[PDB]
Amino acid sequence: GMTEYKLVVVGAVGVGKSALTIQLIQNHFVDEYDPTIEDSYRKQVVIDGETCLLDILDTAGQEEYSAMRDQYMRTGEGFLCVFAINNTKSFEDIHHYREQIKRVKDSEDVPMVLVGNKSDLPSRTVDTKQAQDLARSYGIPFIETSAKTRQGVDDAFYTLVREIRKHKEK
Ligand SMILES: Nc1nc2c(ncn2[C@@H]2O[C@H](COP(=O)(O)OP(=O)(O)O)[C@@H](O)[C@H]2O)c(=O)[nH]1
Ligand SMILES: Nc1cccc(NS(=O)(=O)c2ccc(F)cc2)n1
Ligand SMILES: [Mg+2]
């Protein structure tokens, strides 16, 4: 079979995880998607000449059993850590997602990309510089996205695939 990359999109409720995933897979912006629904989505794509399968888990936070959360973190190969540029709390939450994923995977080398979503909104409480400072500290890429206009969306997911490839070649 072609290579499949298991990606997981994490972050506070309301940041745009669903809107980002649906833009990537279906190429439309979704206004309202129930905040409590967690699903995975597949799309065949071509990234730097490689035909491959993205299998994206759009998370929604607490699970019926914590074992479920630990199971998708161990299965996931790379994680998009999303905050919204107008929600400082969602940015502060990134610390806990970075920690938790490394802790479950018991790894210091987990492919991740920091994503600051809703870049189309003039309303902003998290400046680019602050998010760059966090990404520099983690040694991972940082991309600002808009699920609404699609700006940065392919970049965020494809950069994550590229981080996964760097990890695999070691
Ligand atoms: N303006 C704008 N609104 C967005 C963006 N992404 C998501 N939203 C809206 O923010 C709200 C939460 O988005 P959703 O995808 O459900 O967030 P989730 O809880 O992380 O899955 C919804 O009303 C979306 O329409 C974006 O990039 N720009
Ligand atoms: N695309 C991905 C990424 C990580 C996990 C999965 N699927 S999975 O390991 O069966 C899974 C495990 C626990 C869940 F709550 C949801 C999905 N898919
Ligand atoms: Mg959602």
# chains A, B, ... in the order shown; residues from 1 in each chain; ligands from 1
>>> closest_atom_pairs(of="stretch 24-76 of chain A", to="stretch 149-155 of chain A", cutoff="9 Å", atoms="only C-alpha atoms", output="tab-separated table")
residue	atom	partner	partner_atom	distance
A:24	CA	A:153	CA	6.5
A:27	CA	A:150	CA	8.1
A:28	CA	A:150	CA	8.5
A:29	CA	A:149	CA	7.7
>>> write_last_selection(atoms="N, CA, C and O atoms", output="CSV table (one decimal), in the first residue's frame")
chain,number,residue,atom,x,y,z
A,24,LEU,N,-8.8,20.9,4.8
A,24,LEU,CA,-7.8,20.1,4.2
A,24,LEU,C,-8.5,19.0,3.3
A,24,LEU,O,-8.1,18.8,2.2
A,27,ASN,N,-12.1,20.8,1.3
A,27,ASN,CA,-11.8,22.1,0.5
A,27,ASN,C,-13.1,23.0,0.7
A,27,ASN,O,-13.5,23.7,-0.3
A,28,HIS,N,-13.7,22.9,1.8
A,28,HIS,CA,-14.7,24.0,2.2
A,28,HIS,C,-14.5,24.3,3.6
A,28,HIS,O,-14.1,23.5,4.4
A,29,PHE,N,-15.0,25.6,3.9
A,29,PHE,CA,-15.0,26.1,5.3
A,29,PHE,C,-16.3,25.7,6.0
A,29,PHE,O,-17.4,26.1,5.4
>>> closest_atom_pairs(of="chain A", to="ligand 3", cutoff="12 Å", atoms="only C-alpha atoms and all ligand atoms", output="Markdown table")
| residue | atom | partner | partner_atom_place_in_ligand_line | distance |
| --- | --- | --- | --- | --- |
| A:9 | CA | ligand 3 | 1 (Mg) | 9.6 |
| A:10 | CA | ligand 3 | 1 (Mg) | 9.5 |
| A:11 | CA | ligand 3 | 1 (Mg) | 9.5 |
| A:12 | CA | ligand 3 | 1 (Mg) | 9.3 |
| A:13 | CA | ligand 3 | 1 (Mg) | 6.8 |
| A:14 | CA | ligand 3 | 1 (Mg) | 7.0 |
| A:15 | CA | ligand 3 | 1 (Mg) | 8.2 |
| A:16 | CA | ligand 3 | 1 (Mg) | 6.7 |
| A:17 | CA | ligand 3 | 1 (Mg) | 5.4 |
| A:18 | CA | ligand 3 | 1 (Mg) | 4.1 |
| A:19 | CA | ligand 3 | 1 (Mg) | 7.2 |
| A:20 | CA | ligand 3 | 1 (Mg) | 9.2 |
| A:21 | CA | ligand 3 | 1 (Mg) | 9.0 |
| A:22 | CA | ligand 3 | 1 (Mg) | 9.8 |
| A:30 | CA | ligand 3 | 1 (Mg) | 10.4 |
| A:31 | CA | ligand 3 | 1 (Mg) | 11.0 |
| A:32 | CA | ligand 3 | 1 (Mg) | 9.0 |
| A:33 | CA | ligand 3 | 1 (Mg) | 6.4 |
| A:34 | CA | ligand 3 | 1 (Mg) | 6.4 |
| A:35 | CA | ligand 3 | 1 (Mg) | 4.4 |
| A:36 | CA | ligand 3 | 1 (Mg) | 6.4 |
| A:37 | CA | ligand 3 | 1 (Mg) | 6.2 |
| A:38 | CA | ligand 3 | 1 (Mg) | 6.8 |
| A:39 | CA | ligand 3 | 1 (Mg) | 8.9 |
| A:40 | CA | ligand 3 | 1 (Mg) | 11.2 |
| A:57 | CA | ligand 3 | 1 (Mg) | 10.4 |
| A:58 | CA | ligand 3 | 1 (Mg) | 6.6 |
| A:59 | CA | ligand 3 | 1 (Mg) | 6.7 |
| A:60 | CA | ligand 3 | 1 (Mg) | 5.6 |
| A:61 | CA | ligand 3 | 1 (Mg) | 9.0 |
| A:82 | CA | ligand 3 | 1 (Mg) | 11.5 |
>>> write_last_selection(atoms="N, CA, C and O atoms", output="short mmCIF file (atom, residue, chain, number, x, y, z; two decimals), in the first residue's frame")
data_model
loop_
_atom_site.label_atom_id
_atom_site.label_comp_id
_atom_site.auth_asym_id
_atom_site.auth_seq_id
_atom_site.Cartn_x
_atom_site.Cartn_y
_atom_site.Cartn_z
N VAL A 9 -4.80 16.18 15.22
CA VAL A 9 -4.93 17.60 15.45
C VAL A 9 -5.47 17.80 16.86
O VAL A 9 -6.59 17.31 17.19
N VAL A 10 -4.67 18.50 17.69
CA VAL A 10 -5.01 18.74 19.10
C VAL A 10 -5.13 20.25 19.38
O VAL A 10 -4.64 21.09 18.58
N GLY A 11 -5.72 20.59 20.54
CA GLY A 11 -5.89 22.01 20.91
C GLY A 11 -7.20 22.22 21.62
O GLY A 11 -8.10 21.37 21.54
N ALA A 12 -7.31 23.37 22.27
CA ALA A 12 -8.51 23.75 22.99
C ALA A 12 -9.75 23.75 22.13
O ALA A 12 -9.70 23.94 20.92
N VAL A 13 -10.89 23.47 22.76
CA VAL A 13 -12.17 23.62 22.07
C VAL A 13 -12.30 25.01 21.47
O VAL A 13 -12.00 26.01 22.14
N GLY A 14 -12.78 25.07 20.22
CA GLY A 14 -13.15 26.35 19.58
C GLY A 14 -11.99 26.91 18.73
O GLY A 14 -12.17 27.94 18.10
N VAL A 15 -10.80 26.25 18.74
CA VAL A 15 -9.64 26.88 18.09
C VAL A 15 -9.71 26.74 16.56
O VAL A 15 -9.08 27.53 15.86
N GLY A 16 -10.46 25.77 16.05
CA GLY A 16 -10.57 25.50 14.62
C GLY A 16 -10.05 24.15 14.14
O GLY A 16 -9.75 23.99 12.94
N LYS A 17 -9.89 23.20 15.04
CA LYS A 17 -9.39 21.87 14.63
C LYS A 17 -10.31 21.26 13.56
O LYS A 17 -9.84 20.71 12.56
N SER A 18 -11.60 21.32 13.82
CA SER A 18 -12.53 20.72 12.84
C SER A 18 -12.52 21.49 11.53
O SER A 18 -12.52 20.89 10.42
N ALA A 19 -12.56 22.81 11.63
CA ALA A 19 -12.59 23.65 10.45
C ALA A 19 -11.30 23.44 9.64
O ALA A 19 -11.35 23.30 8.41
N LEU A 20 -10.16 23.33 10.32
CA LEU A 20 -8.90 23.03 9.59
C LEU A 20 -8.95 21.66 8.85
O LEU A 20 -8.51 21.53 7.73
N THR A 21 -9.40 20.64 9.55
CA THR A 21 -9.39 19.28 8.99
C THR A 21 -10.32 19.22 7.79
O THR A 21 -9.97 18.63 6.75
N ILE A 22 -11.50 19.80 7.93
CA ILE A 22 -12.53 19.73 6.86
C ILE A 22 -12.03 20.56 5.65
O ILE A 22 -12.28 20.20 4.46
N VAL A 30 -16.26 25.09 7.16
CA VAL A 30 -17.48 24.74 7.92
C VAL A 30 -17.68 25.63 9.15
O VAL A 30 -16.86 25.59 10.10
N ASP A 31 -18.76 26.43 9.09
CA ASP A 31 -19.19 27.45 10.11
C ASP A 31 -19.40 26.86 11.48
O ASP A 31 -19.06 27.44 12.50
N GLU A 32 -20.07 25.72 11.50
CA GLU A 32 -20.55 25.19 12.72
C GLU A 32 -20.34 23.71 12.56
O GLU A 32 -20.87 23.09 11.62
N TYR A 33 -19.55 23.14 13.44
CA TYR A 33 -19.46 21.69 13.46
C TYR A 33 -19.41 21.35 14.91
O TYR A 33 -18.62 21.92 15.69
N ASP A 34 -20.31 20.45 15.29
CA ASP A 34 -20.50 20.16 16.73
C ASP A 34 -19.13 20.02 17.44
O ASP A 34 -18.31 19.20 17.04
N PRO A 35 -18.92 20.81 18.51
CA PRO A 35 -17.59 20.80 19.20
C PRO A 35 -17.25 19.46 19.87
O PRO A 35 -16.06 19.20 20.25
N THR A 36 -18.27 18.60 20.03
CA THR A 36 -18.10 17.38 20.80
C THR A 36 -17.81 16.15 19.90
O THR A 36 -17.70 15.06 20.44
N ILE A 37 -17.79 16.31 18.57
CA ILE A 37 -17.63 15.16 17.66
C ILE A 37 -16.13 14.94 17.34
O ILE A 37 -15.47 15.87 16.91
N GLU A 38 -15.64 13.71 17.54
CA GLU A 38 -14.25 13.38 17.25
C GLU A 38 -14.25 12.28 16.23
O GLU A 38 -14.84 11.21 16.46
N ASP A 39 -13.59 12.53 15.12
CA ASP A 39 -13.60 11.59 14.01
C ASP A 39 -12.28 11.62 13.31
O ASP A 39 -11.56 12.63 13.35
N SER A 40 -11.99 10.53 12.60
CA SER A 40 -10.87 10.57 11.65
C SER A 40 -11.29 10.61 10.17
O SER A 40 -12.42 10.18 9.80
N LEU A 57 -6.82 12.39 12.57
CA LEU A 57 -7.76 12.39 13.72
C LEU A 57 -8.01 13.85 14.18
O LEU A 57 -7.09 14.55 14.62
N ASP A 58 -9.27 14.26 14.11
CA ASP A 58 -9.79 15.56 14.55
C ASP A 58 -10.28 15.34 16.00
O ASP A 58 -11.40 14.84 16.24
N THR A 59 -9.41 15.66 16.99
CA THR A 59 -9.75 15.32 18.39
C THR A 59 -10.79 16.28 18.97
O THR A 59 -10.97 17.37 18.43
N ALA A 60 -11.46 15.87 20.05
CA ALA A 60 -12.42 16.76 20.72
C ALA A 60 -12.26 16.75 22.21
O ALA A 60 -13.13 17.27 22.90
N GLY A 61 -11.13 16.24 22.72
CA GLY A 61 -10.74 16.51 24.12
C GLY A 61 -10.97 15.27 24.97
O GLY A 61 -10.46 14.19 24.64
N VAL A 82 -2.81 23.20 17.84
CA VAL A 82 -3.45 24.37 17.33
C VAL A 82 -3.87 25.24 18.48
O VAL A 82 -4.51 24.78 19.44
#
>>> closest_residue(among="A:23, A:125, A:75, A:87", to="residue A:105", atoms="only C-alpha atoms")
A:75
>>> residues_near_ligand(ligand="ligand 2", cutoff="10 Å", atoms="only C-alpha atoms and all ligand atoms", output="VMD selection string")
chain A and resid 4 to 9 38 to 42 54 to 79
>>> atom_distance(atom1="atom CA of residue A:80", atom2="atom CA of residue A:94")
10.3 Å
>>> select_by_dssp(residues="chain A", states="strand (DSSP E or B)", output="PyMOL selection string")
chain A and resi 4-10+39-47+50-58+78-84+112-117+142-144
>>> atom_distance(atom1="atom CA of residue A:25", atom2="atom 1 (N, counted along the ligand's line) of ligand 1")
18.5 Å
>>> select_by_dssp(residues="stretch 11-156 of chain A", states="alpha helix (DSSP H)", output="PyMOL selection string")
chain A and resi 17-26+66-75+88-105+128-138+153-156
>>> atom_distance(atom1="atom CA of residue A:162", atom2="atom CA of residue A:136")
17.5 Å
>>> closest_residue(among="A:102, A:165, A:118, A:89", to="ligand 1", atoms="only C-alpha atoms and all ligand atoms")
A:118
>>> closest_residue(among="A:44, A:137, A:130, A:123", to="ligand 1", atoms="only C-alpha atoms and all ligand atoms")
A:123
>>> closest_residue(among="A:109, A:86, A:146, A:3", to="residue A:170", atoms="only C-alpha atoms")
A:109
>>> closest_residue(among="A:147, A:84, A:2, A:140", to="ligand 1", atoms="only C-alpha atoms and all ligand atoms")
A:147
>>> closest_residue(among="A:117, A:26, A:88, A:100", to="ligand 1", atoms="only C-alpha atoms and all ligand atoms")
A:117
>>> residues_around(residues="residue A:85", least_positions_apart="3", cutoff="6 Å", atoms="only C-alpha atoms", output="PyMOL selection string")
chain A and resi 116-117+124+126
>>> residues_around(residues="residue A:138", least_positions_apart="3", cutoff="12 Å", atoms="only C-alpha atoms", output="ChimeraX atom specification")
/A:81,94-95,98-99,102,108-114,131-135,141-142
